[PDB]
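> The structure follows.
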Amino acid sequence: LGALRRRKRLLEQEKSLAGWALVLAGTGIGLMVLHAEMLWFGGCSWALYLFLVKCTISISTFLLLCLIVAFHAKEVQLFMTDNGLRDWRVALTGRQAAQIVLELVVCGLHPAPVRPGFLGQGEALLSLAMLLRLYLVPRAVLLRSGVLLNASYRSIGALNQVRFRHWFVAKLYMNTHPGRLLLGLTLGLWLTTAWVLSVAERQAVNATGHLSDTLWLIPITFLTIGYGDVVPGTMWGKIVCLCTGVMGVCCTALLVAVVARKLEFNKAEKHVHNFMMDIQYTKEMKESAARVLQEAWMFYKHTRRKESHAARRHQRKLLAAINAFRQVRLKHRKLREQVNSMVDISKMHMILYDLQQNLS
Amino acid sequence: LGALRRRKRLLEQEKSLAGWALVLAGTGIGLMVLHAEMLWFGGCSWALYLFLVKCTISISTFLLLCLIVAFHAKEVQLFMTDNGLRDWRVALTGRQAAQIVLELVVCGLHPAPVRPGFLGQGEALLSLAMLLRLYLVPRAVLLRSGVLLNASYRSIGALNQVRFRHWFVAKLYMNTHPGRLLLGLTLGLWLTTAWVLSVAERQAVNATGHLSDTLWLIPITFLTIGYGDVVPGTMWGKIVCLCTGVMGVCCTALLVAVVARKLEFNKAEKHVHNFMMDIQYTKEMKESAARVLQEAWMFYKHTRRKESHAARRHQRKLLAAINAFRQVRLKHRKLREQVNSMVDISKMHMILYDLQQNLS
Amino acid sequence: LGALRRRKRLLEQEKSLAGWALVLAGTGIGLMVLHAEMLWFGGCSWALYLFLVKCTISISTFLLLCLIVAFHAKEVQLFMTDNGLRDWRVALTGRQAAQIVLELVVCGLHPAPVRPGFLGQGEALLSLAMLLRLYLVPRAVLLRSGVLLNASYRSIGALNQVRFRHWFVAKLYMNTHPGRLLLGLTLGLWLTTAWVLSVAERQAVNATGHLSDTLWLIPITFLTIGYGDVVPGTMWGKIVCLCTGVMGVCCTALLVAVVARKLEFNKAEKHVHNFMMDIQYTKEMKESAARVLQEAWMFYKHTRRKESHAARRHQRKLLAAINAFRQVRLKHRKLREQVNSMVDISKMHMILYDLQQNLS
Amino acid sequence: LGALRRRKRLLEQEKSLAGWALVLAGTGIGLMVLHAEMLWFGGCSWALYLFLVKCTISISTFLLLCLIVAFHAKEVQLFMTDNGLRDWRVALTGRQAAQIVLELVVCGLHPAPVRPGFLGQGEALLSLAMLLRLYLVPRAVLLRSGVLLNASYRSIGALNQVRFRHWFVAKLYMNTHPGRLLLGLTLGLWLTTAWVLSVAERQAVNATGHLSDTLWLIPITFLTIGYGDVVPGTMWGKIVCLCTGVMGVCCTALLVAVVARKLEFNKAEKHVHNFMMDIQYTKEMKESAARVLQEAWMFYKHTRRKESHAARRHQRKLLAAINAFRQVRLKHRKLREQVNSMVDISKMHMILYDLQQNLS
Amino acid sequence: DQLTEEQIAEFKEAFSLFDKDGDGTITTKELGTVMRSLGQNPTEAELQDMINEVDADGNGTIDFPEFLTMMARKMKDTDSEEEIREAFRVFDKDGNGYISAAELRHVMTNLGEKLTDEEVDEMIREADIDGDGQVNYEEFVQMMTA
Amino acid sequence: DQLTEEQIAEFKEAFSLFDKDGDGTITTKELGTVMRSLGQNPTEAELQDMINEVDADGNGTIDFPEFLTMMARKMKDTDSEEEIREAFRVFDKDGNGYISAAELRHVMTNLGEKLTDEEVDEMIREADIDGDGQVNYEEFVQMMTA
Amino acid sequence: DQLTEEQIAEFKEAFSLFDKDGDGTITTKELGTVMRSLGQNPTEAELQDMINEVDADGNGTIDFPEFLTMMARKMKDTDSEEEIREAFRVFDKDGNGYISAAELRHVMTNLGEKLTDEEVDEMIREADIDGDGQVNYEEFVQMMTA
Amino acid sequence: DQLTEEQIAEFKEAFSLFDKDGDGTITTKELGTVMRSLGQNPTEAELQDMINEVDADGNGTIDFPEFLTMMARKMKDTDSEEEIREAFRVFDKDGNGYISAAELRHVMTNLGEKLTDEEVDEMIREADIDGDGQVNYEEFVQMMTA
Ligand SMILES: [Ca+2]
Ligand SMILES: [Ca+2]
Ligand SMILES: [Ca+2]
Ligand SMILES: [Ca+2]
Ligand SMILES: [Ca+2]
Ligand SMILES: [Ca+2]
Ligand SMILES: [Ca+2]
Ligand SMILES: [Ca+2]
Ligand SMILES: [Ca+2]
Ligand SMILES: [Ca+2]
Ligand SMILES: [Ca+2]
Ligand SMILES: [Ca+2]
Ligand SMILES: [K+]
Ligand SMILES: [K+]
Ligand SMILES: [K+]
Ligand SMILES: [K+]
């Protein structure tokens with residue numbers, strides 16, 4: 001069982017090396033947005049601090065580019081354990097080496113220091129390539145959750161062949177908390193996309209494209225209102241305001257199921273509702289059947305007494321009472337049909353319970 | 001059973017103290033909207049009546065702040081009855097005392113009199129904090145409905161463990177009347193929000209932001225049209241026109257289920273429809289099978305008579321008649337498959353009824 | 001059976017008197033739209049023809065106001081037959097007389113002749129009260145369909161208690177033809193509402209509100225685009241452009257079910273799809289199991305021959321082949337689970353068929 | 001079996017004649033868009049190349065008009081094989097000859113050469129009648145797929161009566177790849193419709209209607225945003241921007257089901273989720289039952305020791321612990337109800353398995 | 001007959017949805033086949049009671065002139081006979097085919113508008129034609145149709 | 001054979017969806033397994049009648065040259081044999097395997113376009129080749145394919 | 001009684017949802033009818049155990065003054081008796097109607113906050129009133145309500 | 001053992017999802033209870049075959065050191081033993097527990113990339129260690145793991 005203690009050792013070490021990579025990538029994005037803002041609000045009076053922040057971004061992307069290699073040097077070392085290999089050259093495939101090189105290129109992009117407030121043409125796309133360092137999130141979310149290492153989860157998942165991955169833990173968090181996730185996701189998209197658009201359209205002279213306009217342009221585009229008071233002007237604005245609209249249609253078609261689930265009855269509450277409406281309708285039928293005799297006996301009374309206008313007054317009420325009685329009874333039978341349609345499944349198990357009495 | 005007469009006594013007293021609190025809160029909001037309007041249309045010529053209405057708001061929020069304490073002094077007194085306590089210091093928890101203090105602070109906010117037509121910066125947020133005195137509505141709706149006190153409801157709910165609360169009575173009123181509620185709710189939101197927005201953007205010189213513009217801006221935002229003829233200008237306008245858009249997307253995803261339920265067949269009406277289409281398709285098959293012989297016999301007739309163009313005229317009609325017969329029969333078998341797919345449940349109980357004949 | 005021949009006689013007479021009322025109401029609306037247009041395009045040069053068309057509208061609403069009384073004088077005469085009455089004073093209730101008076105007032109409104117191109121303030125609302133003469137449509141649609149008189153429909157509906165009314169024949173026509181109805185309804189609303197809006201906003205000097213603008217304003221409002229190139233100006237325009245938006249949201253929530261039904265598989269076609277994908281996946285498994293030996297035997301071959309780089313080349317392909325085999329097999333078992341989940345109902349009847357062999 | 005070798009021969013020949021017709025129609029549309037663009041960007045300096053491209057369009061529509069006749073001369077020849085005809089005059093019906101004439105007229109329309117940068121009024125509708133040569137696509141898609149000729153598909157479809165046609169292969173490709181199809185369809189509509197609209201509104205002087213405006217106008221109309229920065233001006237622009245909006249509402253009502261399917265659990269994963277939440281709730285109940293004794297024993301301890309404030313401190317915690325225990329247990333029983341509601345179907349087969357033990 | 005010819009010609013196909021064998025009459029089995037194909041599950045006693053309401057000769061089966069009397073009631077809007085026949089069953093809780101004095105005095109007093117218990121003694125004395133002490137079904141319809 | 005080689009090579013896998021055991025023939029049990037896995041529930045008589053339509057030798061089972069004649073009909077678009085075989089069953093309501101003179105004279109007169117009852121006597125006299133008084137299935141297809 | 005009149009008048013209809021026959025008492029069959037019409041499937045032992053919790057006289061059936069004691073608990077918000085009765089069942093895993101020293105020493109030590117095994121010996125010595133070595137149900141509620 | 005303490009402490013609760021009685025071992029009944037509560041329906045032969053794969057002593061039941069060897073395989077990503085055990089079953093269509101020369105020469109020739117029938121005679125001669133003429137399961141895994 002030496003290939004089972006070492007597996008938990010390597011998996012804890014990868015959880016640590018997947019936490020620190022996410023910290024050093026969030027630090028890079030957080031020092032990128034600071035550089036892009038103090039170049040705008042500052043100008044050329046703060047060139048020392050611009051150079052200092054650029055060099056700090058270079059350091060905190062070098063340590064990320066080391067920790068990704070330190071994570072794959074644990075994953076190859078885990079794959080050699082799980083299959084009994086000794087020569088590491090057998091384990092390292094071609095597609096995995098291509099994945100490592102692509103993953104190092106994507107976390108390599110940063111506004112490196114080469115040596116009046118707008119960004120450049122190149123250091124505005126390198127700065128907006130830092131946002132592609134968010135493939136590190138589902139890796140750390142999977143490895144920090146215990147489901148990859150907890151023994152009871154793995155045994156029950158092996159009996160049922162479910163293969164714990166990213167789309168399983170996503171459905172776990174989406175079906176245990178649909179509220180926190182869907183609110184703190186849209187309030188994390190309406191600020192990230194509002195910053196990206198307020199990079200894509202800055203106007204120096206009039207101050208007509210910053211966050212005060214994009215935090216209003218993007219919820220309006222997301223909810224498919226589109227007033228037209230503010231409209232994106234560049235071409236990179238027009239790409240982002242189409243991506244936001246597509247995500248808005250998709251999240252509407254997502255919310256249309258979550259709201260559809262909640263307003264329906266619980267299965268145990270609908271039976272209480274039906275069982276109370278049944279004894280309300282029985283009471284209304286017993287009222288109406290007394291109304292019918294209350295009018296018919298007065299009609300026979302004034303028929304014998306030959307009060308003719310009283311007979312023509314009560315025969316009309318007799319016909320109206322019969323008309324009410326039919327409507328109450330046809331509500332009652334529709335509800336009894338709803339009852340007989342829903343408890344068919346329990347009727348199946350009840351008839352099988354009455355068939356259980358056939359052994360002796 | 002002294003702890004059951006006193007429970008109904010205290011619960012009726014709380015129904016009265018939850019009706020009068022809602023009356024004295026509706027009076028406060030109704031005297032708040034009157035002050036905010038006659039400060040605008042009046043100016044400084046009516047300062048006496050402004051002071052009088054402000055003092056009346058202070059009186060009719062003092063009596064509300066007394067009746068909320070009179071309601072919790074009945075609820076603690078009920079909780080001492082239900083568990084056999086005698087020392088009230090045991091009953092009053094910490095979270096309930098925090099709830100009482102928060103509930104007294106929220107109903108304490110009002111435009112109190114300290115001593116040219118716009119509101120102030122502070123007495124426009126205290127005036128729009130009166131609308132947070134609508135947590136008193138679900139309390140009074142629950143306690144005025146009989147379901148908290150009616151014995152048959154409580155016994156059937158205790159057999160089935162359903163625990164009558166606010167979200168149960170909401171589903172009751174939503175599933176017995178989806179029409180009155182969904183209409184008188186949107187016609188109570190499109191006037192409340194239209195007043196709140198016409199507080200948030202008043203322009204003195206041009207009269208360009210009052211109810212005549214907001215009663216058109218808010219249904220257009222709610223239905224996600226967003227023309228752009230009128231657009232909110234302040235920041236508090238832009239918050240409210242996003243809340244309206246979110247509520248519009250949610251009520252569209254709510255109405256998409258209510259309209260989905262109604263247009264479908266009743267369960268008893270679909271069987272009548274299928275049983276009539278079956279005997280229509282049988283009649284069409286018996287027409288088409290006669291068309292086939294009507295053409296084939298004329299084809300054999302002109303085959304013997306050697307009228308060659310009549311043979312080439314009727315063999316084409318024979319092939320067309322066979323082509324029609326196949327299409328009619330394939331409609332018929334698809335409908336018979338719809339019949340055999342729906343009455344499977346009754347077929348289960350029928351086979352169990354034929355298995356019921358196996359006892360002797 | 002004298003109360004059954006007379007019932008069919010009266011019901012045919014009401015079908016005729018419900019066809020001619022609809023003809024004489026469509027003639028009134030068709031002569032109303034002609035008057036409203038040749039007052040606009042004509043002015044005061046055609047006053048003779050305006051007076052002539054107004055008097056023709058008065059004649060063709062007088063005959064409608066006679067045929068509605070002739071229809072209710074057959075319906076009371078039918079209600080006296082169905083219950084064996086002789087004195088008609090018993091049959092005519094109060095609510096039915098109120099219905100008759102309201103139904104005569106609503107078809108009484110027309111632009112009557114009292115004695116420069118705009119309409120008046122009163123003869124534009126009397127002219128747009130002619131459109132409330134479309135309650136005559138569902139009456140004539142019900143009585144012209146044979147379902148109220150056809151004996152087999154009534155006997156099968158009486159066995160199942162379905163009570164043929166307007167909402168049943170509406171679901172009949174909606175579930176036999178969802179295409180013709182939903183297209184010829186929106187192309188009958190986008191022209192009626194486009195005419196009503198082009199009554200509500202006519203501008204004389206610039207010609208900026210007629211049908212050329214409203215036939216573009218109303219589909220754009222209906223589909224909830226709302227560009228803002230044309231925007232309604234009056235108050236009666238703003239009411240109509242909210243009614244159109246509400247009908248657009250409702251017809252979107254209607255079309256979202258009709259498109260949901262059509263793209264799904266037929267029940268018989270999904271079994272053919274699954275039964276073909278099963279024998280595709282069996283072929284892929286039998287390919288992959290041969291790939292595994294094709295690599296493992298070459299690995300054993302070069303293991304004996306001690307060609308070390310060939311061993312490290314083929315052991316990698318062995319591990320990749322096992323990795324492919326697991327993925328193919330886990331597709332296969334998910335599809336076999338989809339098969340075992342869907343044919344559970346036929347498995348129930350099959351186990352009951354195997355239980356049918358237990359009588360002897 | 002001579003009528004089965006010849007059928008596969010003719011069906012392969014029709015697959016070739018349905019591939020080459022689609023190639024020669026795509027060439028015609030691709031040489032039409034080139035003519036319409038180099039008339040605009042070129043003017044009258046390139047009249048030689050305009051005449052050359054028009055004559056090439058005439059040649060590559062003549063060969064299409066020959067291959068459609070060569071396809072129907074194989075389909076009549078197939079219909080004579082399948083029914084044993086010898087005289088071809090019997091096979092060629094009237095509706096099929098009308099279909100052939102209509103299909104030759106529709107592929108006959110092209111901007112033929114009769115002999116400053118706008119198109120004509122006629123050669124802009126003949127050029128936009130080339131896009132009606134896309135009925136050739138589903139024919140070639142059906143005949144290139146093997147399902148019309150593969151013997152196992154036809155035998156299993158004949159056992160189940162499914163009749164392989166265009167709407168079956170469409171559902172095949174839509175239910176095996178909902179992603180590639182729905183993305184490469186909208187990215188083939190947002191460029192075709194963007195070219196058709198940029199034919200419908202070209203402005204010579206200002207360059208205000210070309211593809212740079214329509215590639216922004218059409219996704220905005222499709223997603224029902226409708227800013228209003230660009231608005232179509234002609235009448236043919238206003239037709240196309242309504243067709244795009246209708247297709248956008250339909251594809252939203254299409255995507256609302258595809259996104260509804262994907263986020264739900266797999267059937268095997270929900271059982272793992274429920275079976276793990278059960279043993280989490282058991283652990284929480286066993287915590288809470290120990291909390292209850294941990295407070296009650298300290299309450300009895302200080303009850304004997306008569307430390308009165310400690311008794312009033314721990315009796316409150318006892319009541320809070322009982323309040324927590326009830327909530328944990330009512331979560332547990334709702335989840336056990338979800339378990340007992342879902343595995344009813346397997347319980348049916350289990351009770352039938354226990355009824356299988358009744359033969360001896 | 002008083003009925004016309006084409007109406008008989010269209011009631012014949014309505015009769016031949018039940019009479020599938022063409023025997024000239026309807027039994028409980030042919031009725032139960034249609035009742036189950038419409039999706040509801042009767043019992044044998046319910047089917048026999050549905051037969052016994054319109055069986056005039058008393059043969060246990062229904063022929064076409066008995067079918068015409070059944071379709072003379074289910075063709076009109078409000079079948080005034082069934083709405084009294086089941087208002088009779090709302091009272092008769094014991095199912096004995098009788099309304100006793102106690103059942104009537106229980107229902108008509110507490111439910112309605114405050115009707116006296118002295119009027120019930122006059123009503124029961126007027127209703128019992130045969131003097132059977134209690135209200136039958138035959139006198140109950142003759143009171144309604146007076 | 002007249003058939004080519006690769007087509008036989010692809011009909012072999014179509015035959016081995018039914019012949020799972022590789023025995024060389026198809027019985028009713030191997031057919032019923034596929035019929036139930038496709039989701040429909042036949043009876044034993046329905047399965048045996050499906051076998052008896054294409055069983056040429058009469059052995060009760062189907063081998064591959066009998067399978068080829070079955071697939072020669074289900075490969076084309078309109079199987080013209082089945083659409084006459086079941087139009088024969090639409091007439092034969094009694095199920096006796098015969099069309100009597102009364103069945104034909106009932107269907108062809110009232111339904112169609114006003115066809116005389118004198119033409120039916122000539123048609124039945126021309127149709128009965130064996131002189132059996134009524135129309136068989138064998139003469140019915142020979143009238144269609146004349 | 002201490003209870004008022006209209007409350008008894010409204011508990012009578014609550015009692016007559018169970019007592020359908022009007023016999024004056026409730027058996028397990030009338031309870032099981034309501035339990036199955038509410039959609040859940042009890043066993044006979046579960047129904048009998050539901051009866052035996054509130055049967056005071058011990059007759060096997062429930063009458064109306066026994067029903068009032070049951071509705072005195074299910075009317076209030078937190079039924080403090082059931083939430084101790086089933087916290088007693090969470091401990092008694094063996095189902096013997098007793099909590100042994102081993103069951104208590106297993107649950108209260110490892111789960112909670114680090115409670116000693118010396119305190120359990122004092123607790124079990126204080127809890128056993130009868131000196132039966134282990135904790136009953138009767139002493140368990142008397143410890144809670146002290 | 002080589003395993004640490006807290007890992008044994010967490011495998012104990014994984015073992016006590018199956019061993020509900022606390023007996024110290026797992027039978028087919030306790031396995032089938034969990035298998036049915038997860039929603040799938042095994043047979044008795046399938047459950048017994050699931051037991052017999054990891055039963056080392058041969059007692060018919062599974063104890064905890066046998067459970068550890070089972071969880072040493074289902075903890076890692078690709079269980080390389082099962083993916084060879086069922087690739088062995090893809091070949092053995094007759095189910096005899098053997099791969100004959102005909103089964104191997106059928107599968108490896110027509111499917112793959114054009115492998116000769118001469119190489120199969122060398123492969124089967126190298127594979128049969130016992131000289132049993134055909135390929136076992138024991139030699140099949142020893143060829144994979146060479
Ligand atoms: Ca019969
Ligand atoms: Ca009779
Ligand atoms: Ca009685
Ligand atoms: Ca076989
Ligand atoms: Ca044979
Ligand atoms: Ca016959
Ligand atoms: Ca009783
Ligand atoms: Ca008792
Ligand atoms: Ca115990
Ligand atoms: Ca055990
Ligand atoms: Ca063992
Ligand atoms: Ca073998
Ligand atoms: K919009
Ligand atoms: K919209
Ligand atoms: K808009
Ligand atoms: K707009």
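Chain labels A, B, ... are given in the sequence in which chains occur in the structure tokens; within each chain residues are numbered consecutively from 1, and ligands are likewise numbered from 1 in the order shown.
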Could you tell me, counting only C-alpha atoms and all ligand atoms, which protein and nucleic acid residues lie no more than 8 Å from ligand 3, written as a PDB file with N, CA, C and O atoms, in the first residue's frame?


```pdb
ATOM      1  N   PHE E  91     -78.062  13.847   0.120  1.00  0.00           N
ATOM      2  CA  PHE E  91     -78.760  13.663   1.388  1.00  0.00           C
ATOM      3  C   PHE E  91     -78.597  12.254   1.936  1.00  0.00           C
ATOM      4  O   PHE E  91     -78.283  12.078   3.118  1.00  0.00           O
ATOM      5  N   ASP E  92     -78.830  11.240   1.102  1.00  0.00           N
ATOM      6  CA  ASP E  92     -78.893   9.850   1.550  1.00  0.00           C
ATOM      7  C   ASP E  92     -77.472   9.358   1.815  1.00  0.00           C
ATOM      8  O   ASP E  92     -76.838   8.694   0.991  1.00  0.00           O
ATOM      9  N   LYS E  93     -76.964   9.694   3.004  1.00  0.00           N
ATOM     10  CA  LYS E  93     -75.602   9.320   3.369  1.00  0.00           C
ATOM     11  C   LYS E  93     -75.499   7.839   3.713  1.00  0.00           C
ATOM     12  O   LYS E  93     -74.462   7.213   3.465  1.00  0.00           O
ATOM     13  N   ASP E  94     -76.560   7.262   4.278  1.00  0.00           N
ATOM     14  CA  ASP E  94     -76.539   5.845   4.619  1.00  0.00           C
ATOM     15  C   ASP E  94     -76.683   4.949   3.393  1.00  0.00           C
ATOM     16  O   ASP E  94     -76.408   3.749   3.476  1.00  0.00           O
ATOM     17  N   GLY E  95     -77.109   5.502   2.264  1.00  0.00           N
ATOM     18  CA  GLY E  95     -77.200   4.737   1.040  1.00  0.00           C
ATOM     19  C   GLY E  95     -78.355   3.770   0.974  1.00  0.00           C
ATOM     20  O   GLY E  95     -78.374   2.911   0.084  1.00  0.00           O
ATOM     21  N   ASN E  96     -79.328   3.886   1.874  1.00  0.00           N
ATOM     22  CA  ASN E  96     -80.420   2.926   1.944  1.00  0.00           C
ATOM     23  C   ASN E  96     -81.500   3.137   0.890  1.00  0.00           C
ATOM     24  O   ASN E  96     -82.477   2.383   0.882  1.00  0.00           O
ATOM     25  N   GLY E  97     -81.354   4.114  -0.001  1.00  0.00           N
ATOM     26  CA  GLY E  97     -82.421   4.412  -0.933  1.00  0.00           C
ATOM     27  C   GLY E  97     -83.593   5.131  -0.313  1.00  0.00           C
ATOM     28  O   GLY E  97     -84.689   5.119  -0.880  1.00  0.00           O
ATOM     29  N   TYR E  98     -83.395   5.755   0.844  1.00  0.00           N
ATOM     30  CA  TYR E  98     -84.436   6.475   1.553  1.00  0.00           C
ATOM     31  C   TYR E  98     -83.811   7.693   2.209  1.00  0.00           C
ATOM     32  O   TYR E  98     -82.635   7.683   2.578  1.00  0.00           O
ATOM     33  N   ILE E  99     -84.601   8.750   2.366  1.00  0.00           N
ATOM     34  CA  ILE E  99     -84.232   9.865   3.227  1.00  0.00           C
ATOM     35  C   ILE E  99     -85.113   9.773   4.459  1.00  0.00           C
ATOM     36  O   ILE E  99     -86.332   9.957   4.370  1.00  0.00           O
ATOM     37  N   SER E 100     -84.502   9.491   5.602  1.00  0.00           N
ATOM     38  CA  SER E 100     -85.239   9.442   6.851  1.00  0.00           C
ATOM     39  C   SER E 100     -85.571  10.855   7.325  1.00  0.00           C
ATOM     40  O   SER E 100     -85.152  11.853   6.736  1.00  0.00           O
ATOM     41  N   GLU E 103     -82.191  12.483   8.664  1.00  0.00           N
ATOM     42  CA  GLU E 103     -81.275  12.996   7.646  1.00  0.00           C
ATOM     43  C   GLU E 103     -81.723  14.360   7.132  1.00  0.00           C
ATOM     44  O   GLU E 103     -80.920  15.300   7.040  1.00  0.00           O
TER      45      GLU E 103
END
```

> Can you pull out the residues contacting region 136-143 of chain D? Cut-off 9 Å, using only C-alpha atoms, and skip same-chain residues under 3 positions away; I want them as a list in words.

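Everything that qualifies: residues 11, 12, 14, 15, 16, 17, 18, 19, 21, 22, 25, 133, 146, 147, 148, 149, 165, 166, 169 and 170 of chain D.
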
> Show me, as a list in words, the residues that have an atom within 8 Å of region 31-36 of chain H when counting only C-alpha atoms, minus same-chain residues fewer than 4 positions from it.

residues 159 of chain A; 346 of chain D; 18, 26, 27, 40, 41, 42 and 47 of chain H

> How far is it from CA of residue 93 (chain C) to CA of residue 82 (chain E), in Å with one decimal?

22.3 Å

> Could the residues that lie within 6 Å of ligand 13, counting only C-alpha atoms and all ligand atoms, be listed as a list in words?

residues 224, 225 and 226 of chain A; 224, 225 and 226 of chain B; 224, 225 and 226 of chain C; 224, 225 and 226 of chain D

> Given a cut-off of 8 Å, what residues near ligand 4 show up using only C-alpha atoms and all ligand atoms, put as an MDAnalysis selection string?

chainID F and resid 18:27 30

> Print the selection's residues with N, CA, C and O atoms to a file, as an mmCIF file, in the first residue's frame.


```cif
data_model
loop_
_atom_site.group_PDB
_atom_site.id
_atom_site.type_symbol
_atom_site.label_atom_id
_atom_site.label_comp_id
_atom_site.auth_asym_id
_atom_site.auth_seq_id
_atom_site.Cartn_x
_atom_site.Cartn_y
_atom_site.Cartn_z
ATOM 1 N N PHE F 18 -30.355 -9.709 -35.989
ATOM 2 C CA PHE F 18 -31.371 -10.661 -35.573
ATOM 3 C C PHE F 18 -30.753 -11.981 -35.155
ATOM 4 O O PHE F 18 -31.001 -12.459 -34.043
ATOM 5 N N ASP F 19 -29.938 -12.576 -36.021
ATOM 6 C CA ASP F 19 -29.349 -13.880 -35.731
ATOM 7 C C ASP F 19 -28.191 -13.676 -34.764
ATOM 8 O O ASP F 19 -27.024 -13.694 -35.151
ATOM 9 N N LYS F 20 -28.516 -13.487 -33.484
ATOM 10 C CA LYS F 20 -27.488 -13.185 -32.496
ATOM 11 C C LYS F 20 -26.640 -14.405 -32.158
ATOM 12 O O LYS F 20 -25.451 -14.268 -31.851
ATOM 13 N N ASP F 21 -27.223 -15.601 -32.213
ATOM 14 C CA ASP F 21 -26.467 -16.788 -31.840
ATOM 15 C C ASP F 21 -25.539 -17.263 -32.952
ATOM 16 O O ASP F 21 -24.615 -18.038 -32.688
ATOM 17 N N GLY F 22 -25.758 -16.816 -34.183
ATOM 18 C CA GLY F 22 -24.932 -17.256 -35.289
ATOM 19 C C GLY F 22 -25.313 -18.640 -35.768
ATOM 20 O O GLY F 22 -24.486 -19.366 -36.323
ATOM 21 N N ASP F 23 -26.573 -19.012 -35.562
ATOM 22 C CA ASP F 23 -27.061 -20.337 -35.918
ATOM 23 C C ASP F 23 -27.324 -20.507 -37.405
ATOM 24 O O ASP F 23 -27.401 -21.644 -37.878
ATOM 25 N N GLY F 24 -27.478 -19.415 -38.142
ATOM 26 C CA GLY F 24 -27.839 -19.479 -39.538
ATOM 27 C C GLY F 24 -29.300 -19.240 -39.836
ATOM 28 O O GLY F 24 -29.687 -19.306 -41.008
ATOM 29 N N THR F 25 -30.119 -18.956 -38.825
ATOM 30 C CA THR F 25 -31.543 -18.753 -39.047
ATOM 31 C C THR F 25 -32.138 -17.918 -37.923
ATOM 32 O O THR F 25 -31.537 -17.738 -36.860
ATOM 33 N N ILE F 26 -33.341 -17.413 -38.183
ATOM 34 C CA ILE F 26 -34.070 -16.533 -37.281
ATOM 35 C C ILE F 26 -35.351 -17.239 -36.868
ATOM 36 O O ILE F 26 -36.094 -17.738 -37.726
ATOM 37 N N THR F 27 -35.603 -17.275 -35.562
ATOM 38 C CA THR F 27 -36.817 -17.791 -34.954
ATOM 39 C C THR F 27 -37.656 -16.626 -34.441
ATOM 40 O O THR F 27 -37.295 -15.459 -34.596
ATOM 41 N N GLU F 30 -35.708 -14.687 -31.261
ATOM 42 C CA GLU F 30 -34.703 -13.696 -31.625
ATOM 43 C C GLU F 30 -35.335 -12.470 -32.258
ATOM 44 O O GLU F 30 -34.812 -11.362 -32.116
#
```

> Could you list, as number ranges by chain, every residue of chain F that has an atom within 9 Å of an atom of chain D, counting only C-alpha atoms?

F: 1-4, 7, 10-11, 13-15, 17, 35, 38, 40, 68-69, 71-80
